[PDB]
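S.K.: So here's my_file-v1.cif, just mmCIF, C-alpha atoms:
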data_data
loop_
_atom_site.group_PDB
_atom_site.id
_atom_site.type_symbol
_atom_site.label_atom_id
_atom_site.label_comp_id
_atom_site.auth_asym_id
_atom_site.auth_seq_id
_atom_site.Cartn_x
_atom_site.Cartn_y
_atom_site.Cartn_z
ATOM 1 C CA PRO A 2 98.987 54.462 75.417
ATOM 2 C CA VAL A 3 100.349 57.649 73.858
ATOM 3 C CA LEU A 4 99.854 58.049 70.108
ATOM 4 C CA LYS A 5 101.736 60.389 67.779
ATOM 5 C CA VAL A 6 100.160 62.202 64.825
ATOM 6 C CA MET A 7 101.904 63.380 61.646
ATOM 7 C CA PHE A 8 100.363 65.576 58.940
ATOM 8 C CA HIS A 9 101.249 65.836 55.243
ATOM 9 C CA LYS A 10 100.168 69.109 53.650
ATOM 10 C CA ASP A 11 100.114 68.131 49.973
ATOM 11 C CA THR A 12 98.021 64.950 50.181
ATOM 12 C CA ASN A 13 95.987 65.986 53.266
ATOM 13 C CA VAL A 14 96.785 62.655 54.948
ATOM 14 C CA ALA A 15 97.128 62.440 58.732
ATOM 15 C CA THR A 16 99.056 59.449 60.077
ATOM 16 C CA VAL A 17 98.459 58.029 63.558
ATOM 17 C CA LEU A 18 101.434 56.002 64.782
ATOM 18 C CA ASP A 19 103.113 54.921 68.006
ATOM 19 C CA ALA A 20 105.305 57.181 70.121
ATOM 20 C CA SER A 21 108.531 55.419 69.127
ATOM 21 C CA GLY A 22 107.648 55.263 65.438
ATOM 22 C CA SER A 23 108.581 57.900 62.877
ATOM 23 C CA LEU A 24 107.848 58.762 59.250
ATOM 24 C CA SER A 25 110.220 59.994 56.536
ATOM 25 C CA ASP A 26 107.538 60.821 53.948
ATOM 26 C CA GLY A 27 107.972 64.550 54.608
ATOM 27 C CA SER A 28 105.204 65.092 57.161
ATOM 28 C CA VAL A 29 105.365 67.251 60.283
ATOM 29 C CA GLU A 30 104.600 66.375 63.901
ATOM 30 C CA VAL A 31 101.459 68.062 65.220
ATOM 31 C CA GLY A 32 100.941 66.567 68.675
ATOM 32 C CA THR A 33 100.220 63.540 70.835
ATOM 33 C CA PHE A 34 97.245 62.150 72.741
ATOM 34 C CA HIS A 35 96.080 59.112 74.707
ATOM 35 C CA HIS A 36 93.845 56.864 72.616
ATOM 36 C CA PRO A 37 91.993 55.462 75.662
ATOM 37 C CA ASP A 38 91.162 58.777 77.309
ATOM 38 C CA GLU A 39 91.841 58.843 81.042
ATOM 39 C CA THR A 40 88.556 60.439 82.108
ATOM 40 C CA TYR A 41 86.307 59.395 79.188
ATOM 41 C CA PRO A 42 87.496 55.984 77.951
ATOM 42 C CA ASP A 43 84.469 54.947 75.871
ATOM 43 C CA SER A 44 83.419 58.471 74.873
ATOM 44 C CA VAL A 45 85.892 59.620 72.200
ATOM 45 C CA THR A 46 87.664 57.748 69.398
ATOM 46 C CA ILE A 47 90.772 58.558 67.350
ATOM 47 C CA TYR A 48 88.853 60.961 65.107
ATOM 48 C CA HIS A 49 88.003 63.361 67.938
ATOM 49 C CA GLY A 50 91.584 63.430 69.202
ATOM 50 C CA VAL A 51 92.963 64.075 65.719
ATOM 51 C CA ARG A 52 90.433 66.870 65.180
ATOM 52 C CA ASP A 53 91.314 68.497 68.506
ATOM 53 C CA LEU A 54 95.027 68.308 67.678
ATOM 54 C CA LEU A 55 94.539 69.758 64.193
ATOM 55 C CA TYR A 56 92.424 72.641 65.504
ATOM 56 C CA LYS A 57 95.553 74.247 66.972
ATOM 57 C CA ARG A 58 97.761 74.275 63.891
ATOM 58 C CA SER A 59 97.947 76.760 61.031
ATOM 59 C CA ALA A 60 96.528 76.368 57.532
ATOM 60 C CA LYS A 61 99.496 77.769 55.590
ATOM 61 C CA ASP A 62 102.223 75.899 57.493
ATOM 62 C CA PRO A 63 101.222 73.031 59.826
ATOM 63 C CA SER A 64 104.487 73.681 61.686
ATOM 64 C CA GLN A 65 103.153 76.825 63.375
ATOM 65 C CA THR A 66 99.981 77.669 65.302
ATOM 66 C CA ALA A 67 97.080 79.975 64.446
ATOM 67 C CA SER A 68 93.791 81.371 65.750
ATOM 68 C CA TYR A 69 90.255 80.415 64.726
ATOM 69 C CA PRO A 70 89.903 81.718 61.132
ATOM 70 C CA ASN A 71 93.251 80.180 60.138
ATOM 71 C CA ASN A 72 93.229 76.599 61.445
ATOM 72 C CA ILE A 73 92.624 73.262 59.756
ATOM 73 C CA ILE A 74 88.959 72.680 60.609
ATOM 74 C CA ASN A 75 87.645 70.978 57.447
ATOM 75 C CA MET A 76 87.785 67.255 58.203
ATOM 76 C CA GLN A 77 85.975 66.144 55.039
ATOM 77 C CA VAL A 78 89.112 66.324 52.888
ATOM 78 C CA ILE A 79 91.482 65.026 55.573
ATOM 79 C CA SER A 80 92.069 61.263 55.555
ATOM 80 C CA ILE A 81 93.236 59.443 58.689
ATOM 81 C CA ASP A 82 95.756 56.637 58.175
ATOM 82 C CA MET A 83 96.277 54.268 61.105
ATOM 83 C CA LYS A 84 99.645 52.595 61.688
ATOM 84 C CA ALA A 85 99.540 52.094 65.466
ATOM 85 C CA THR A 86 98.650 48.818 67.136
ATOM 86 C CA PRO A 87 94.887 48.358 67.637
ATOM 87 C CA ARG A 88 93.613 48.970 71.148
ATOM 88 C CA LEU A 89 93.158 46.013 73.477
ATOM 89 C CA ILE A 90 89.486 45.205 74.107
ATOM 90 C CA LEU A 91 87.773 42.528 76.206
ATOM 91 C CA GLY A 92 85.499 40.513 73.938
ATOM 92 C CA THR A 93 84.437 38.082 76.675
ATOM 93 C CA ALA A 94 84.307 38.930 80.378
ATOM 94 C CA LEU A 95 84.345 36.609 83.362
ATOM 95 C CA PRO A 96 81.011 36.074 85.145
ATOM 96 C CA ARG A 97 80.814 38.339 88.168
ATOM 97 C CA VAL A 98 79.708 35.672 90.672
ATOM 98 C CA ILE A 99 79.949 31.878 90.426
ATOM 99 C CA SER A 100 78.137 29.618 92.894
ATOM 100 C CA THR A 101 78.935 25.940 93.402
ATOM 101 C CA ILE A 102 79.139 23.198 96.012
ATOM 102 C CA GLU A 103 82.121 21.364 97.462
ATOM 103 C CA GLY A 104 83.752 18.740 95.270
ATOM 104 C CA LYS A 105 82.869 20.114 91.820
ATOM 105 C CA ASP A 106 85.081 21.422 89.029
ATOM 106 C CA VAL A 107 84.800 25.055 87.915
ATOM 107 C CA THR A 108 86.149 26.738 84.777
ATOM 108 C CA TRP A 109 86.900 30.359 83.866
ATOM 109 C CA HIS A 110 87.327 31.471 80.254
ATOM 110 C CA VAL A 111 88.340 34.900 78.951
ATOM 111 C CA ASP A 112 88.772 36.127 75.373
ATOM 112 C CA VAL A 113 90.830 39.181 74.402
ATOM 113 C CA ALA A 114 90.942 40.763 70.945
ATOM 114 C CA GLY A 115 93.337 43.307 69.509
ATOM 115 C CA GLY A 116 96.793 44.243 70.661
ATOM 116 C CA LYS A 117 100.165 43.094 69.379
ATOM 117 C CA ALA A 118 100.766 39.351 69.253
ATOM 118 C CA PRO A 119 101.676 37.346 71.218
ATOM 119 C CA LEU A 120 99.566 37.691 74.379
ATOM 120 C CA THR A 121 100.509 36.455 77.858
ATOM 121 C CA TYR A 122 97.958 35.465 80.511
ATOM 122 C CA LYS A 123 98.536 35.450 84.274
ATOM 123 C CA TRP A 124 95.992 34.439 86.918
ATOM 124 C CA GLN A 125 95.847 35.700 90.505
ATOM 125 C CA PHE A 126 93.876 34.681 93.591
ATOM 126 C CA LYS A 127 92.939 36.651 96.713
ATOM 127 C CA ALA A 128 91.872 34.810 99.850
ATOM 128 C CA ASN A 129 88.585 35.578 101.576
ATOM 129 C CA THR A 130 90.261 36.252 104.936
ATOM 130 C CA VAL A 131 90.731 39.823 106.132
ATOM 131 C CA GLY A 132 93.989 41.547 105.237
ATOM 132 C CA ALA A 133 94.646 39.509 102.090
ATOM 133 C CA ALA A 134 96.270 40.560 98.821
ATOM 134 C CA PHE A 135 96.423 39.084 95.335
ATOM 135 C CA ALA A 136 99.014 36.335 94.897
ATOM 136 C CA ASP A 137 100.015 34.492 91.739
ATOM 137 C CA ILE A 138 98.733 30.969 91.182
ATOM 138 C CA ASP A 139 101.634 28.543 90.821
ATOM 139 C CA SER A 140 101.815 27.775 87.103
ATOM 140 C CA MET B 1 81.363 63.638 73.872
ATOM 141 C CA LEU B 2 79.978 61.317 76.563
ATOM 142 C CA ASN B 3 80.124 63.684 79.489
ATOM 143 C CA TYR B 4 77.519 61.245 80.792
ATOM 144 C CA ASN B 5 80.227 58.519 80.922
ATOM 145 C CA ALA B 6 78.718 55.478 82.713
ATOM 146 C CA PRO B 7 77.693 56.020 86.362
ATOM 147 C CA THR B 8 77.882 52.275 86.874
ATOM 148 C CA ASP B 9 81.329 50.625 86.571
ATOM 149 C CA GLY B 10 82.881 53.525 88.498
ATOM 150 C CA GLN B 11 82.904 56.258 85.859
ATOM 151 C CA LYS B 12 81.555 59.694 86.768
ATOM 152 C CA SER B 13 79.370 61.953 84.660
ATOM 153 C CA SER B 14 80.757 65.432 84.071
ATOM 154 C CA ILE B 15 77.882 67.336 85.695
ATOM 155 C CA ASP B 16 78.158 65.265 88.869
ATOM 156 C CA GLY B 17 80.897 66.236 91.275
ATOM 157 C CA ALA B 18 83.517 63.959 92.763
ATOM 158 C CA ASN B 19 81.459 63.406 95.917
ATOM 159 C CA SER B 20 77.888 63.083 94.629
ATOM 160 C CA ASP B 21 76.512 60.533 92.168
ATOM 161 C CA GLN B 22 73.424 59.863 90.071
ATOM 162 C CA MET B 23 70.417 59.060 92.239
ATOM 163 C CA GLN B 24 68.969 56.419 89.894
ATOM 164 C CA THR B 25 71.028 54.424 87.394
ATOM 165 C CA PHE B 26 68.767 51.501 86.436
ATOM 166 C CA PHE B 27 65.158 50.412 85.977
ATOM 167 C CA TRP B 28 63.464 47.760 88.120
ATOM 168 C CA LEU B 29 60.667 45.749 86.508
ATOM 169 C CA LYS B 30 59.161 44.666 89.879
ATOM 170 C CA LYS B 31 58.154 41.353 88.242
ATOM 171 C CA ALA B 32 59.964 38.435 89.865
ATOM 172 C CA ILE B 33 61.063 35.128 88.352
ATOM 173 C CA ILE B 34 59.610 32.142 90.222
ATOM 174 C CA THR B 35 59.703 28.376 89.718
ATOM 175 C CA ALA B 36 56.747 26.007 89.833
ATOM 176 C CA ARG B 37 56.231 23.235 92.366
ATOM 177 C CA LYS B 38 57.659 19.790 91.658
ATOM 178 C CA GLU B 39 55.031 17.245 90.655
ATOM 179 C CA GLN B 40 54.276 14.118 92.693
ATOM 180 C CA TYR B 41 53.685 10.597 91.356
ATOM 181 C CA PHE B 42 53.787 8.197 94.312
ATOM 182 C CA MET B 43 51.229 10.108 96.386
ATOM 183 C CA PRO B 44 48.125 9.353 94.237
ATOM 184 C CA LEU B 45 48.908 5.630 94.509
ATOM 185 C CA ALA B 46 48.494 5.457 98.288
ATOM 186 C CA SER B 47 45.152 4.470 99.814
ATOM 187 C CA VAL B 48 44.333 6.046 103.168
ATOM 188 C CA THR B 49 43.346 4.065 106.272
ATOM 189 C CA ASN B 50 41.738 5.851 109.207
ATOM 190 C CA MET B 51 43.497 5.840 112.581
ATOM 191 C CA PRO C 52 63.193 48.900 17.727
ATOM 192 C CA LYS C 53 65.008 49.861 14.552
ATOM 193 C CA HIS C 54 68.046 52.136 14.184
ATOM 194 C CA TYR C 55 69.617 50.951 17.459
ATOM 195 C CA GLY C 56 72.094 48.278 16.371
ATOM 196 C CA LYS C 57 71.870 44.609 17.302
ATOM 197 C CA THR C 58 72.348 44.704 21.081
ATOM 198 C CA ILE C 59 70.244 45.112 24.227
ATOM 199 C CA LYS C 60 71.733 46.046 27.601
ATOM 200 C CA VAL C 61 70.422 46.353 31.163
ATOM 201 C CA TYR C 62 71.647 47.235 34.666
ATOM 202 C CA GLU C 63 71.689 45.054 37.779
ATOM 203 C CA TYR C 64 72.085 46.619 41.228
ATOM 204 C CA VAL C 65 74.155 44.754 43.831
ATOM 205 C CA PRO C 66 73.042 44.842 47.487
ATOM 206 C CA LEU C 67 75.153 46.581 50.098
ATOM 207 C CA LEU C 68 76.610 43.558 51.884
ATOM 208 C CA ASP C 69 77.784 41.306 49.031
ATOM 209 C CA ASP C 70 81.366 40.543 48.035
ATOM 210 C CA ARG C 71 80.695 41.967 44.566
ATOM 211 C CA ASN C 72 80.337 45.460 46.074
ATOM 212 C CA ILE C 73 83.925 46.740 45.834
ATOM 213 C CA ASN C 74 84.786 50.401 46.397
ATOM 214 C CA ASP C 75 86.924 52.810 48.401
ATOM 215 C CA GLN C 76 84.366 54.778 50.440
ATOM 216 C CA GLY C 77 84.962 52.781 53.612
ATOM 217 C CA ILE C 78 85.656 54.408 56.979
ATOM 218 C CA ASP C 79 85.963 52.138 59.998
ATOM 219 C CA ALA C 80 84.520 52.807 63.443
ATOM 220 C CA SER C 81 87.773 54.373 64.654
ATOM 221 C CA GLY C 82 87.491 56.985 61.894
ATOM 222 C CA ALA C 83 90.439 55.744 59.833
ATOM 223 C CA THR C 84 90.149 54.983 56.138
ATOM 224 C CA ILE C 85 89.697 51.319 55.221
ATOM 225 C CA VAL C 86 89.948 49.369 51.972
ATOM 226 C CA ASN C 87 86.410 47.953 51.732
ATOM 227 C CA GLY C 88 83.214 49.987 51.773
ATOM 228 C CA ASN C 89 80.705 47.301 52.734
ATOM 229 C CA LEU C 90 80.598 46.487 56.442
ATOM 230 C CA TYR C 91 81.256 42.807 55.755
ATOM 231 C CA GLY C 92 80.813 40.621 52.707
ATOM 232 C CA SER C 93 78.923 37.353 52.465
ATOM 233 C CA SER C 94 80.928 36.240 55.497
ATOM 234 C CA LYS C 95 79.289 34.471 58.432
ATOM 235 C CA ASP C 96 82.337 34.464 60.721
ATOM 236 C CA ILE C 97 81.423 35.785 64.162
ATOM 237 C CA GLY C 98 84.924 37.181 64.649
ATOM 238 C CA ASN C 99 84.859 39.201 61.429
ATOM 239 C CA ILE C 100 81.352 40.506 62.149
ATOM 240 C CA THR C 101 82.344 41.516 65.682
ATOM 241 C CA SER C 102 85.455 43.270 64.370
ATOM 242 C CA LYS C 103 83.566 45.169 61.655
ATOM 243 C CA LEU C 104 80.343 46.075 63.481
ATOM 244 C CA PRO C 105 79.239 49.728 63.221
ATOM 245 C CA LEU C 106 79.439 51.211 66.733
ATOM 246 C CA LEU C 107 78.695 54.787 67.798
ATOM 247 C CA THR C 108 79.784 56.995 70.678
ATOM 248 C CA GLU C 109 77.806 60.022 71.838
ATOM 249 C CA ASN C 110 79.410 62.250 69.193
ATOM 250 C CA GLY C 111 79.615 60.321 65.948
ATOM 251 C CA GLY C 112 81.410 62.188 63.203
ATOM 252 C CA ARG C 113 82.835 60.498 60.100
ATOM 253 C CA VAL C 114 82.618 57.076 61.752
ATOM 254 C CA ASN C 115 81.018 54.603 59.333
ATOM 255 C CA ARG C 116 80.764 55.054 55.568
ATOM 256 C CA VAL C 117 79.477 52.761 52.814
ATOM 257 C CA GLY C 118 79.244 52.509 49.043
ATOM 258 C CA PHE C 119 77.401 50.781 46.219
ATOM 259 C CA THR C 120 77.944 49.158 42.812
ATOM 260 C CA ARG C 121 76.001 48.078 39.714
ATOM 261 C CA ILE C 122 76.510 45.557 36.895
ATOM 262 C CA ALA C 123 75.447 45.382 33.237
ATOM 263 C CA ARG C 124 74.344 42.595 30.876
ATOM 264 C CA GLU C 125 73.934 42.263 27.107
ATOM 265 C CA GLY C 126 72.692 40.106 24.243
ATOM 266 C CA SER C 127 72.589 40.060 20.449
ATOM 267 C CA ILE C 128 70.671 38.645 17.468
ATOM 268 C CA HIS C 129 71.498 36.733 14.274
ATOM 269 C CA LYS C 130 70.030 35.771 10.892
ATOM 270 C CA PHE C 131 69.300 32.382 9.291
ATOM 271 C CA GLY C 132 67.787 31.054 6.074
ATOM 272 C CA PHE C 133 67.740 28.415 3.351
ATOM 273 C CA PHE C 134 65.990 27.766 0.044
ATOM 274 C CA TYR C 135 65.346 25.310 -2.797
ATOM 275 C CA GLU C 136 64.515 25.461 -6.509
ATOM 276 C CA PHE C 137 62.845 23.436 -9.264
ATOM 277 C CA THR C 138 61.783 23.405 -12.927
ATOM 278 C CA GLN C 139 58.409 23.386 -14.665
ATOM 279 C CA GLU C 140 58.736 19.988 -16.351
ATOM 280 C CA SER C 141 59.436 18.389 -12.965
ATOM 281 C CA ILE C 142 56.029 19.662 -11.848
ATOM 282 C CA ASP C 143 53.998 19.105 -15.017
ATOM 283 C CA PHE C 144 55.187 15.606 -15.920
ATOM 284 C CA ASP C 145 55.578 14.142 -12.424
ATOM 285 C CA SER C 146 53.497 11.133 -11.413
ATOM 286 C CA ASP C 147 51.501 12.717 -8.574
ATOM 287 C CA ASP C 148 50.120 16.217 -8.139
ATOM 288 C CA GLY C 149 50.475 18.034 -4.847
ATOM 289 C CA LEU C 150 54.258 17.653 -4.703
ATOM 290 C CA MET C 151 54.560 21.368 -3.911
#
Could you rewrite the structure in this file as structure tokens?

M.R.:
Amino acid sequence: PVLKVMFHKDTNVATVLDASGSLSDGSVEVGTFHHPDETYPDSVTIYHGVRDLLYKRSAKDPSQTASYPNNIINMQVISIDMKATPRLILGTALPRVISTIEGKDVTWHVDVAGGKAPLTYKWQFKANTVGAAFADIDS
Amino acid sequence: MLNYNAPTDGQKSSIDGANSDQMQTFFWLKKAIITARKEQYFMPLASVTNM
Amino acid sequence: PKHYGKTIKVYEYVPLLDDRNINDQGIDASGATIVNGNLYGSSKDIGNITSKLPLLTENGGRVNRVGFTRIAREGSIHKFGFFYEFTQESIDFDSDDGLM
């Protein structure tokens, strides 16, 4: 998902919030980024994206851009405030292979944490024959 | 800054190109898990008769 | 000792993971600021522990922060006493000696 970052000069508080959301505190819009990175999903968190976005902007006025000696590169004073929905993670994963014999019951359980409630689950089944595609199980 | 990513699960490290991949991505202990033989109870009871 | 009043005080240091350790130094794994400094209190919930575990990527900057707290005690002292009095005739003319 795309996240939107706003920066307040006086209090040095950076707000991370959804694309549709907005803030009327008096902050300015610095940029946007994808929280789950497309190429490196489990490599970088929100902090790295916020730092990379803030590297571009100017120290005097966060509205405009500046070169190296004049950016906002001191992250010790800057505080990150999170307002966006937490990312969706898979706490429990299905076993990769299940072996059984004919005439026995089998059970699959999955647990998902995070996201915005409520959550909806849909199950799909693909036949073993050649040229088969996923089809919904009749609920 | 994981330019290593995870070669397993389909992710590619940054140094490796789109075509190539890491030669070795796991460690093999070479020590196998085996189960013991089932024990027998009725066999010691029998008394043998020569044919 | 003398010249120090009537009170004795001492410090007690709280461990990192108790509920009594309250502060504002916390930073959660995502890098955002969080209300509580300690990773988790005296909570044994698996869900809470899983949510608040300290995890690291390759580059870990400003990811997990903690804080500490201390407590103080005190005590004081008091004074007691009592007395009695007598005369000389009560001692000289009494039936038995050794009353004192």

S.K.: Would you kindly report the residues of chain A within 12 Å of chain C, using only C-alpha atoms, as a ChimeraX atom specification?

M.R.: /A:14-17,36-37,41-52,75-85,87-88,90-93,112-115

S.K.: Name the closest residue to residue A:117 among the candidates A:69, A:137, A:94, A:86; distances are taken between atoms, counting only C-alpha atoms.

M.R.: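 Among A:69, A:137, A:94, A:86, it is A:86 that comes nearest to residue A:117.
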
S.K.: I need the chain B residues near chain A as a PDB file with C-alpha atoms, in the coordinates of the input; criterion: at most 10 Å, counting all atoms listed in the file.

M.R.:
ATOM      1  CA  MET B   1      81.363  63.638  73.872  1.00  0.00           C
ATOM      2  CA  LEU B   2      79.978  61.317  76.563  1.00  0.00           C
ATOM      3  CA  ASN B   3      80.124  63.684  79.489  1.00  0.00           C
ATOM      4  CA  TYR B   4      77.519  61.245  80.792  1.00  0.00           C
ATOM      5  CA  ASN B   5      80.227  58.519  80.922  1.00  0.00           C
ATOM      6  CA  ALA B   6      78.718  55.478  82.713  1.00  0.00           C
ATOM      7  CA  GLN B  11      82.904  56.258  85.859  1.00  0.00           C
ATOM      8  CA  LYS B  12      81.555  59.694  86.768  1.00  0.00           C
ATOM      9  CA  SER B  13      79.370  61.953  84.660  1.00  0.00           C
ATOM     10  CA  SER B  14      80.757  65.432  84.071  1.00  0.00           C
TER      11      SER B  14
END

S.K.: Which protein, DNA or RNA residues are at most 8 Å from (70.9, 39.4, 20.0) in the file's coordinates when you count only C-alpha atoms, listed as a list in words?

M.R.: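 In the file's frame, the residues around the point are residues 57, 58, 59, 126, 127, 128 and 129 of chain C.
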
S.K.: So the first atom is atom CA of residue A:38 and the second is atom CA of residue B:10; what is the distance between them in Å, to one decimal place?

M.R.: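 Distance reported for this atom pair: 14.9 Å.
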
S.K.: So the first atom is atom CA of residue A:55 and the second is atom CA of residue A:25; what is the distance between them in Å, to one decimal place?

M.R.: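 About the pair atom CA of residue A:55 and atom CA of residue A:25: they are 20.0 Å apart.
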
S.K.: Report, in Å to a single decimal, how far apart atom CA of residue A:71 and atom CA of residue A:24 are.

M.R.: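 So the answer is 25.9 Å.
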
S.K.: I'd like the contact shell of residue C:90 - 10 Å cut-off, all atoms listed in the file, skipping same-chain residues fewer than 5 positions apart - returned as a PyMOL selection string.

M.R.: chain C and resi 67-69+77-79+99-100+102-105+115-118

S.K.: Output C-alpha atoms for every residue in the selection just made, as a PDB file, in the frame of the given file.

M.R.:
ATOM      1  CA  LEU C  67      75.153  46.581  50.098  1.00  0.00           C
ATOM      2  CA  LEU C  68      76.610  43.558  51.884  1.00  0.00           C
ATOM      3  CA  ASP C  69      77.784  41.306  49.031  1.00  0.00           C
ATOM      4  CA  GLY C  77      84.962  52.781  53.612  1.00  0.00           C
ATOM      5  CA  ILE C  78      85.656  54.408  56.979  1.00  0.00           C
ATOM      6  CA  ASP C  79      85.963  52.138  59.998  1.00  0.00           C
ATOM      7  CA  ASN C  99      84.859  39.201  61.429  1.00  0.00           C
ATOM      8  CA  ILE C 100      81.352  40.506  62.149  1.00  0.00           C
ATOM      9  CA  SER C 102      85.455  43.270  64.370  1.00  0.00           C
ATOM     10  CA  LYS C 103      83.566  45.169  61.655  1.00  0.00           C
ATOM     11  CA  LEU C 104      80.343  46.075  63.481  1.00  0.00           C
ATOM     12  CA  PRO C 105      79.239  49.728  63.221  1.00  0.00           C
ATOM     13  CA  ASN C 115      81.018  54.603  59.333  1.00  0.00           C
ATOM     14  CA  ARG C 116      80.764  55.054  55.568  1.00  0.00           C
ATOM     15  CA  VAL C 117      79.477  52.761  52.814  1.00  0.00           C
ATOM     16  CA  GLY C 118      79.244  52.509  49.043  1.00  0.00           C
TER      17      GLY C 118
END

S.K.: For this file, the PyMOL selection byres ((chain A and resi 126) around 8) selects which residues, as a PyMOL selection string?

M.R.: chain A and resi 124-125+127-128+135-138

S.K.: I'd like the residues picked by the PyMOL selection byres ((chain C and resi 87) around 7) written out as a VMD selection string, using the chain letters and numbers from the file.

M.R.: chain C and resid 73 to 75 77 85 to 86 88 to 89
